[PDB]
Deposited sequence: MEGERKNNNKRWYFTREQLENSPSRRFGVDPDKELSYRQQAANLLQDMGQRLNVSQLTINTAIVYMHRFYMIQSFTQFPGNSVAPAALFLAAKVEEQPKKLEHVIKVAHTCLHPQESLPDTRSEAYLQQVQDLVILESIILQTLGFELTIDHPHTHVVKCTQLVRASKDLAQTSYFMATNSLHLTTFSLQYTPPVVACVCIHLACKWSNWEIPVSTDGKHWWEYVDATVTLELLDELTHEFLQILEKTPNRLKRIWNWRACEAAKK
């Protein structure tokens, strides 16, 4: 159950902590991707690796299977998550550097309170406090394996064209932003889902290894063709519900 600790059933994802406080399903699901966008913004501002970003998101997603958006605004939480994520992925940024970029993004209008005011110092603590709550909520489990590993590895193996490669990696970054697969399937499967998809679009049918295994069998042994079709369909429906789908 330790390895199964951060993996949930469709029902568990339904009876979330945010749900118990009147938040609606698609309401929640949006905060998730919103939070994931803010994280991807500040993270490119501070120039923290993609890996620092992906980890900051997985912290986010798990933080909200225990805590509720009600009590912890995903905009307060996101800075802290990314702050912690920096150290963890060995590209730390100074608490101040971050309190800055976090302010540029949630308040382009106003201007940074004085690094001496009561409000500034005050918040420098709110961030610090939040990181302590994120740490206790994730149970101090900080090592995050991502889909991008198994994706790269796999494309190299099938000698996928440069375009299929980049596209499969691109879809893994999105599964993190858009879906909660991160909370339902192991990274290797999600990587398989991303390659199966970039392949539909490329109408490429990866050859079946000489009298043997299918490509996804060199990425994960529990994957089945049936699953990959269901999850792909599931990923696309998510994509179909985004805002703009409703020089």
- Write out the missing regions of the deposited sequence in sequence order, one range per stretch. 1 to 6, 253 to 260, 262 to 266
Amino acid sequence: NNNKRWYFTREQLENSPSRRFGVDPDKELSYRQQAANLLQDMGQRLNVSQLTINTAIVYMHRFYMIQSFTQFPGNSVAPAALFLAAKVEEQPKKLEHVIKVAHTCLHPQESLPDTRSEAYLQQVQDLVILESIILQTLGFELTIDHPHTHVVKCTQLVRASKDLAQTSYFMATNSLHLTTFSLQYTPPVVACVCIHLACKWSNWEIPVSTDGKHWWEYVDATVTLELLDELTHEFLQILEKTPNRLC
From here on, numbers count along this sequence of modelled residues.
- Note on the structure: Looking only at C-alpha temperature factors in the entry, 87 to 95 or 123 to 131, the higher average sits in 123 to 131
- Query: Which is higher on average in the deposited entry, the C-alpha temperature factors of 179 to 187 or of 24 to 32?
  - Reply: 24 to 32
- Query: Looking at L138, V77, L157, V151, which has the highest Cα B-factor in the entry?
  - Reply: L157
- In terms of CA temperature factor as recorded, identify the highest of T210, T55, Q67, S49. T210
- Temperature factor at the Cα of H196, chain-ranked in thirds, falls in the lowest
- Message: Please say which third, lowest, middle or highest, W204 falls into when its CA temperature factor is compared across its chain.
- Response: highest
- Message: Based on the deposited C-alpha B factors for this chain, I'd like to know if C105 is in the lowest, middle or highest third.
- Response: highest
- Of the three thirds of its chain by CA temperature factor, lowest, middle or highest, which one includes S168? middle
- Item | Record-listed C-alpha B factor of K4: chain third | middle
